[PDB]
Participant: 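Here it is: the structure, laid out below.
Atom set for the values below is all heavy atoms of this structure, side chains included, hydrogens, waters and symmetry mates excluded. Lettering of chains follows the sequences in order, A, B, ..., and the numbering in each one begins at 1.
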Amino acid sequence: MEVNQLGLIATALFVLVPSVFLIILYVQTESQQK
Amino acid sequence: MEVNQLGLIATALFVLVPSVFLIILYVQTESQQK
Amino acid sequence: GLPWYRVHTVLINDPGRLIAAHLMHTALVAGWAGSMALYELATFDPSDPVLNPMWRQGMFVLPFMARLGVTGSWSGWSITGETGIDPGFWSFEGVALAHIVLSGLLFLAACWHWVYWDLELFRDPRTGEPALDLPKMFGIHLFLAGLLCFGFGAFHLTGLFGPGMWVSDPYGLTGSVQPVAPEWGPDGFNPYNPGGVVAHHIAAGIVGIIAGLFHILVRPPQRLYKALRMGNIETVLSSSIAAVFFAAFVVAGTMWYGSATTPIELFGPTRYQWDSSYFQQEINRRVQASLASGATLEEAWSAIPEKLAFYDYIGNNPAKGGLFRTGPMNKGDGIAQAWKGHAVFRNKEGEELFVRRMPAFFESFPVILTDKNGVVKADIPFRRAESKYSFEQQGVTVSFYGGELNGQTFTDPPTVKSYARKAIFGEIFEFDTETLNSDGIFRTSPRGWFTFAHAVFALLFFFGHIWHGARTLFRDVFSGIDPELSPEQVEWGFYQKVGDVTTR
Amino acid sequence: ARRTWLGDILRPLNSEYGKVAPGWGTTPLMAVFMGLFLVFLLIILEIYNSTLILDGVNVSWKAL
Amino acid sequence: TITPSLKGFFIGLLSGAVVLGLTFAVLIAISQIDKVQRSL
Amino acid sequence: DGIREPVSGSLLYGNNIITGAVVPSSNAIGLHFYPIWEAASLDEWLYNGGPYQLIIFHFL
Amino acid sequence: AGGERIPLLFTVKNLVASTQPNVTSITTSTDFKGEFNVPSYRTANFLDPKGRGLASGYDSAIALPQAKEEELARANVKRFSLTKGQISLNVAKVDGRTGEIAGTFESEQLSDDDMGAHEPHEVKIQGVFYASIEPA
Amino acid sequence: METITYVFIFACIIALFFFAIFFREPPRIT
Amino acid sequence: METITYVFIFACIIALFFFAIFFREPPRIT
Amino acid sequence: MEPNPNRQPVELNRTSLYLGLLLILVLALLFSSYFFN
Ligand code: CLA
Ligand code: CLA
Ligand code: CLA
Ligand code: CLA
Ligand code: CLA
Ligand code: CLA
Ligand SMILES: CCCCCCCCCCCCCCCC(=O)OC[C@H](COP(=O)(O)OC[C@@H](O)CO)OC(=O)CCCCCCCCCCCCCCC
Ligand SMILES: CC1=C(/C=C/C(C)=C/C=C/C(C)=C/C=C/C=C(C)/C=C/C=C(C)/C=C/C2=C(C)CCCC2(C)C)C(C)(C)CCC1
Ligand SMILES: CCCCCCCCCCCCO[C@@H]1O[C@H](CO)[C@@H](O[C@H]2O[C@H](CO)[C@@H](O)[C@H](O)[C@H]2O)[C@H](O)[C@H]1O
Ligand SMILES: CCCCCCCS[C@@H]1O[C@H](CO)[C@@H](O)[C@H](O)[C@H]1O
Ligand SMILES: CCCCCCCS[C@@H]1O[C@H](CO)[C@@H](O)[C@H](O)[C@H]1O
Ligand SMILES: CCCCCCCS[C@@H]1O[C@H](CO)[C@@H](O)[C@H](O)[C@H]1O
Ligand SMILES: [Ca+2]
Ligand SMILES: [Ca+2]
């Protein structure tokens, strides 16, 4: 199918950038003193 | 120029994935009890 | 700790780092402007302002530079089609460079203000607590805004010391940057009168200067200070967001309806010029004037500027696009090359027939031809078995006047029908569809994209206003209501006045 | 906190946090300007909307 | 000159001022007649 | 619709998430019960919309 | 304007140019008009950046060993242009004692076609000229 | 490429379901 | 798109230089 | 430098991680068809 050639990187960064933001924040919460 | 259509996402993920791994590790080190 | 959606509240009691964050936001925005201009210069084709102007090419910041007088490139071209021009430093490239340098300097200032956050200037001299005197800051900044507004109007727009602004004829054929004198009568409030833009900046600027001085010199009334929580910087965020969503709705409106500050040679024509056949009427007027003066039909139509014919084409209507049909208009119908000329359809009796034009609402539209009184005379049928008006039955032909096909007549029904299909879009053009691998599907112009983003952001900023106005007026209960809340204050009959314990 | 040359010059401009005029102060005058401004906005809206039509004011591209 | 629609604009302006003025005049009068009672 | 006009529903046959579907079983079948073992082959079962019936009956 | 570079072989090679009749003396009214040859801007040995040429070089795109050749024929098969140019010389000054004349010229000719790879452009050249005439 | 992308996102969601159920923060009475 | 990519990576490297010099872990004698 | 007293730690608990990843992934599943177009 003749899809948009930027659709793949658009979708990839749409997932990765905010997901990574959340993972950074989660992991540094877990490493805080308990 | 007729470049490889996957060159962009290859380069982006090559940068993003290992950089994110380091950033995660660094930030959760900083947040540990000093 | 702080939830993720509150991380930036660490700035509320830290004026120095708030300034640093504002410097960084400013650096990012100026860096975007420079980057965007460079990307547009790397992709813009300046070779044809007639059939390939900036608004066919997806240019978004180029029209804003042109609106205020930046029209030339260091490489020698201008957006009105000139060669060998010298723009001086303030070419499109020089503007872009200036924004990149500004971005770097703001970045460095942000670093300084983040490190040296603890300035004595930011402390209340009595309490030693961080404190901004927002009422007086408002006066200082309003005075500055008024001076700058006034100077923009009195020096830049007038050409007294500056280039002026983009102005054009009513059909967008001969636009250029010109000095503009202020209009001091009631036509200054006509959105289509550029002199009113000049008068506005002179008059509003002076008013801003006067009101700025008032706000520097006169303290807020105690009753307004308390009611609007003028000691709380979040009240400024609330009312500033409100002013900004008002301004955003205004620029969305003037972009969609058109005004002296949204000219069609920079942003493309409006949807309403298609709705009202604005360009078709002027084309017909010129042709009829040529005929009355003794021109032949070929001469009358050959006198129509291709730029004028091109506005009378629905592929330039900004209400023909799609939300995910991305890029320049040229990616759709193609890069316009030439006017084919005006198509005149006739039936076998020789009556002139007119193709019913497509309204903007319709993604697709049938081919129906009427005589001058609107009586249907031919069409392209769907079902054939009871067809009465087919081009074959009615002997429909098409002759072209002006443009590439001037003097030519077609009688082959498939060829005549193909031209009739194009005539529902208005005037007919030849397009290069190969250079961009154009897909034949209409896209909107910068007029459409600007209007969409700013109406959307305006509506979203209404929520921001509501949210921060609430945070301001309800700061005392941000973490919850009083754990010892008097049930008599919420039950009925205890207090004469709701929520006032002094009322029994 | 850190004093600077520039900070000492600007100090009086950020020294009156919390200072108010008594009572209602200039609120009445402010209300008059607000009302005038509401009428101004209503005028320019109705001109643009063709609800208010003025001699010599042709709200169109044609005759700018 | 005063066009018909400028005259109409003035009629609408006056009408709105009358509605607001009568409304507030009535509310102010009622609020003064029927005051809340507070302990001294 | 049982008129030998097959509708493509799957991703690999040209659909995206918005257009894709498991397509209802053939109008020629009507309300007849069409398990896998009523077809002469999986290829027949697939052409006639066998997956739809297996899925909706197990789902319900 | 915009950066496009136009190379040309500015030339009057094999010029033959004639005056009006009855030039019993050359004066500031004498004019010359004539035609000249414009040979290819590069001569036959010139090799393109992939080593292809006319009288030397490769005859194919050797970095694309199995590409189809018809689409590259215009780049692969070098051609040598030979066209005509025109010039007018307007005498503006004459030293009758020394046989020297000077004036302005205008010439028209085609630009470089890169050995057939693209269409040439039309060029107009204006300038000044000098000539010394002597009996022979 | 599009099919791979759609199935990839779907597969990540199914994996997320698994962690969200079996590796949730356990509810604790305090 | 290629040029953007090359310049982007380069610009990130220059930024990294800035942080690595001016926002380094300060060397400390103990 | 003297420390900034306005700094605060930041947190994202595990449930919020799961909720956020679900939002992102489902938004991606939704908009990806339109990005490919
Ligand atoms: C230093 C001075 C300076 C100058 C001379 C320019 C000049 C330009 N800018 Mg740049 N810019 C600057 C600084 C500057 N900029 C800074 C600091 C930033 C970061 C915020 C930017 C970010 C920027 C962007 C994002 C863009 C530009 C663009 C441009 C071009 C068009 C400008 C335009 O349409 O403005 C329009 C300005 C207005 C409509 C002003 C609105 C004012 C509001 C309504 C005032 C509201 C509050 C006020 C207090 C109310 C009271 C008023 C009182 C008088 C009564 C022009 C070349 C455009 C461009 O072409 O980029 C290549 C563009 O898109 N600039
Ligand atoms: C004689 C001097 C003079 C002259 C000739 C002008 C001329 C102009 N003024 Mg200026 N002005 C002046 C002095 C002057 N002004 C002074 C002294 C002040 C006080 C500082 C102002 C403050 C001012 C403001 C606030 C505005 C103008 C605007 C304008 C433009 C009006 C035409 C237009 O496009 O309206 C278009 C704008 C409107 C018709 C107003 C719309 C009002 C909306 C409907 C209110 C509700 C908004 C709210 C968010 C709800 C939206 C809901 C929606 C989503 C459905 C015109 C350039 C307007 C402008 O900038 O236009 C581009 C404008 O908004 N002027
Ligand atoms: C005001 C903002 C604005 C506007 C009106 C424009 C307008 C334009 N741009 Mg520019 N651009 C901008 C900002 C803007 N741009 C920014 C910030 C960048 C850096 C990314 C660019 C970089 C850029 C490039 C590289 C190009 C353009 C191009 C264009 C043209 C084509 C636009 C298009 O196809 O959009 C398509 C728009 C969409 C598909 C809409 C996206 C909607 C999103 C995905 C919705 C997301 C929803 C969200 C996830 C929901 C969350 C829900 C949750 C809260 C629960 C058009 C003139 C093109 C052009 O022709 O250049 C000459 C082009 O190549 N722009
Ligand atoms: C001048 C504009 C402006 C400013 C300075 C602020 C400032 C603030 N907001 Mg408000 N707000 C605004 C407009 C603004 N807001 C608008 C338009 C909305 C509706 C969308 C809101 C709705 C809102 C809510 C519901 C809340 C705030 C909160 C806050 C505070 C914490 C912000 C934070 O830590 O986010 C951190 C943000 C992130 C870590 C990532 C956000 C990622 C976004 C969603 C996606 C991508 C953003 C992209 C980069 C933006 C480009 C923007 C451009 C297109 C305009 C801070 C005081 C919070 C608060 O009150 O705390 C006490 C809060 O709960 N704001
Ligand atoms: C749903 C609409 C709505 C709501 C619930 C709020 C709520 C609030 N506003 Mg916001 N505001 C709004 C829309 C709204 N606003 C609009 C459209 C603007 C213009 C941009 C503003 C500008 C604004 C400012 C500048 C400030 C507030 C503030 C506030 C807070 C205090 C109450 C207040 O001042 O109300 C204000 C009153 C109204 C919104 C009602 C106005 C009714 C008008 C005058 C009637 C006009 C009739 C009209 C002339 C008829 C002709 C129509 C024409 C088409 C023919 C409260 C959170 C303040 C705050 O944040 O304090 C901390 C504050 O400083 N508001
Ligand atoms: C709880 C487990 C369960 C149930 C209820 C079903 C049910 C069904 N399967 Mg599925 N299946 C299952 C597990 C199950 N399956 C598993 C684990 C696999 C992988 C091996 C499959 C693989 C599979 C395939 C490949 C197909 C089915 C098909 C069917 C349908 C036809 C079945 C049939 O003819 O049985 C007939 C058996 C009987 C009639 C005997 C019934 C004996 C009981 C004791 C008598 C009383 C029944 C009566 C209704 C009482 C009900 C009331 C209450 C007390 C329960 C029916 C919807 C077919 C289908 O989808 O067609 C569209 C089909 O092609 N199944
Ligand atoms: C240009 C570069 C821009 C980069 C931007 C990168 C960041 C942007 C991404 C931000 C994402 C934030 C997500 C936070 C997610 C998150 O943290 O949620 C949980 C969070 C709970 O907060 P609490 O106050 O309990 O605090 C706990 C703290 O640990 C959180 O920090 O609530 C919210 O954040 C409000 C928004 C809820 C939204 C919930 C939606 C979940 C529903 C699932 C929807 C999909 C299924 C639909 C089926 C039909
Ligand atoms: C340092 C320095 C310097 C430099 C600088 C620089 C180089 C800069 C740059 C800058 C830049 C270069 C910047 C950029 C920016 C950008 C931006 C900021 C963007 C953003 C974006 C966005 C935000 C988007 C969004 C979106 C999307 C993505 C999708 C669609 C939708 C929207 C639109 C929303 C100098 C040397 C001068 C000097 C001084 C020092
Ligand atoms: C391409 C996508 C990129 C996305 C990048 C997103 C980056 C987000 C950066 C988050 C930064 C977190 O910032 C981090 O906060 C934690 C607390 O939360 C701080 O940690 C501090 O608080 C904790 C908890 O009391 C103490 O144990 C610790 O000793 C102290 O230093 C770290 O000093 C800081 O480094
Ligand atoms: C960052 C490098 C700055 C280079 C400055 C080059 C100035 S160039 C100079 O500028 C004048 C003012 O615009 C013009 O009027 C003039 O024609 C032009 O030659
Ligand atoms: C018999 C079909 C050919 C007769 C001419 C068709 C109408 S005109 C035709 O339309 C195409 C679509 O816009 C354009 O891309 C192209 O430039 C143009 O030649
Ligand atoms: C920071 C500004 C960098 C300067 C950009 C390059 C010089 S300017 C550049 O030159 C090209 C070739 O002549 C032109 O085609 C193009 O239109 C023009 O923008
Ligand atoms: Ca094609
Ligand atoms: Ca002479």
Side-chain angles (χ1 to χ4, degrees), chain A residues 14 17-18 21, chain C residues 2-12 15 18-33 36 60-61 63-64 67 106 132 134-135 137-138 141-142 144-145 148-149 191 200 204 208 211 224 227-230 232-259 261-262 267 318 323 444 446-475 478, chain D residues 34 37-38 40-42 44-45 48-49, chain J residues 20 23-24 27 31:
Chain A
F14 188 96
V17 168
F21 166 67
Chain C
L2 285 173
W4 70 267
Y5 49 87
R6 297 189 186 158
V7 288
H8 294 160
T9 61
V10 296
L11 304 171
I12 286 177
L18 180 70
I19 290 163
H22 285 174
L23 281 164
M24 186 63 60
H25 183 265
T26 310
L28 287 160
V29 175
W32 175 87
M36 195 72 251
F60 185 52
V61 294
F64 287 91
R67 177 168 74 172
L106 295 165
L132 293 172
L134 300 162
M137 290 165 48
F138 175 66
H141 295 166
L142 180 57
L144 295 170
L148 184 51
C149 183
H200 162 86
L224 300 184
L228 289 181
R229 318 291 201 274
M230 295 191 193
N232 182 349
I233 187 169
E234 200 158 8
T235 200
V236 182
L237 185 52
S238 170
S239 41
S240 293
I241 289 174
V244 162
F245 80 65
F246 169 40
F249 277 127
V250 173
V251 296
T254 61
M255 183 62 72
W256 197 239
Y257 304 124
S259 78
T261 75
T262 64
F267 299 101
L323 177 61
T444 191
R447 192 178 295 275
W449 281 118
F450 179 97
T451 300
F452 175 61
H454 286 82
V456 167
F457 290 152
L459 194 68
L460 293 178
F461 270 60
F462 166 69
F463 186 89
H465 163 60
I466 289 327
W467 174 262
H468 289 292
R471 287 249 318 155
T472 299
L473 295 173
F474 290 81
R475 183 174 174 269
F478 178 66
Chain D
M34 291 181 65
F37 191 51
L38 185 152
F40 174 74
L41 289 183
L42 190 66
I44 54 165
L45 171 60
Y48 215 140
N49 183 253
Chain J
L23 174 62
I24 296 304
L27 280 174
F31 276 90

Participant: Looking only at atom types and distance, does a side-chain atom of C:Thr262 sit under 3.5 Å from a main-chain N or O of C:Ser259, one as donor and one as acceptor?
Facilitator: yes

Participant: Do C:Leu459 and C:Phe249 have side chains that get closer than 4.5 Å, going by heavy atoms?
Facilitator: yes

Participant: I need the C:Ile12 CD1 to C:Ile233 CD1 distance, nearest 0.5 Å.
Facilitator: 8.0 Å

Participant: Could you check whether any side-chain N or O of C:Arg229 sits under 3.5 Å from a backbone N or O of C:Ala227, counting only pairs where one atom can act as donor and the other as acceptor?
Facilitator: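 Answer holds: yes.
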
Participant: For a 4.5 angstrom cut-off between non-hydrogen side-chain atoms, does C:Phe452 reach C:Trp256?
Facilitator: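 Not touching, per the 4.5 Å side-chain cut-off.
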
Participant: Evaluate side-chain contact (heavy atoms from CB on, under 4.5 Å) for C:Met230 paired with C:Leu134, printing each intermediate quantity in order.
Facilitator: CA-CA 7 Å; C:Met230 295 191 193; C:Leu134 300 162; over 6 Å; no

Participant: Check the pair C:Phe138 / C:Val236 against side-chain contact (heavy atoms from CB on, under 4.5 Å), numbers first and verdict last.
Facilitator: CA-CA 9 Å; C:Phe138 175 66; C:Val236 182; over 6 Å; no

Participant: If every non-hydrogen atom of C:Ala252 is compared with every non-hydrogen atom of C:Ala455, which pair is closest and at what distance?
Facilitator: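 Nearest heavy atoms, C:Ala252 then C:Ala455: CB-N, 3.9 Å.
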
Participant: Going by the rule side-chain hydrogen bond (donor to acceptor under 3.5 Å, both in side chains), which residues pair with C:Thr472 if we only count those two or more places apart in sequence or in a different chain?
Facilitator: none

Participant: Anything under 30° is parallel, anything over 60° is perpendicular, the rest tilted; go ahead and classify D:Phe37 against D:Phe40.
Facilitator: parallel

Participant: Less than 4.5 Å apart, any side-chain heavy atom of C:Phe267 and any of C:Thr451?
Facilitator: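 They are not in contact (no side-chain heavy atoms under 4.5 Å apart), so the answer is no.
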
Participant: Any chance you could measure D:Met34, atom CE, to D:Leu38, atom CG, to the nearest 0.5 Å?
Facilitator: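 Those atoms lie 8.5 Å apart.
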
Participant: What are the two closest non-hydrogen atoms of C:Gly258 and C:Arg447, and how far apart are they?
Facilitator: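 Answer, listing the atom of C:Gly258 first, then C:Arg447: CA-NH1, 3.9 Å.
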
Participant: Can you tell me how far CD of C:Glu234 sits from CZ of C:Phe478, rounded to the nearest 0.5 angstrom?
Facilitator: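 Rounded to the nearest 0.5 Å, the CZ-CD separation comes to 8.5 Å.
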
Participant: If the plane angle is over 60° it's perpendicular, under 30° parallel, otherwise tilted; pick one for C:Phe462 and C:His465.
Facilitator: tilted

Participant: What are the two closest heavy atoms between C:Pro318 and C:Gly448, and how far apart are they?
Facilitator: CB-N, 4.1 Å

Participant: Rounded at 0.5 Å granularity, tell me how far CH2 in C:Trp449 sits from CE in C:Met255.
Facilitator: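 The CH2 atom of C:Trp449 sits 14.5 Å away from the CE atom of C:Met255.
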
Participant: So does C:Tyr257 have more than 12 non-hydrogen atoms from other groups sitting under 6.0 Å from OH?
Facilitator: no

Participant: Are the side chain of C:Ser239 and the backbone of C:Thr235 linked by a donor-acceptor contact shorter than 3.5 Å?
Facilitator: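 It does hold such a pair.
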
Participant: With rounding to the nearest 0.5 angstrom, report the CZ to CG distance, C:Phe246 to D:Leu41.
Facilitator: 5.0 Å

Participant: Please work out whether the ring planes of C:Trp32 and C:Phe60 are parallel, tilted or perpendicular, with thresholds of 30° and 60°.
Facilitator: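 The rings of C:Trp32 and C:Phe60 stand perpendicular, inter-plane angle above 60°.
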
Participant: Using side-chain heavy atoms (C-beta onward) and a distance below 4.5 Å, is C:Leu2 in contact with C:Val10?
Facilitator: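 Yes. Closest side-chain heavy atoms under 4.5 Å.
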
Participant: Give, for atom CD1 of C:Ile241 and atom CG of C:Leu460, the distance between the pair rounded to the nearest 0.5 Å.
Facilitator: 11.5 Å

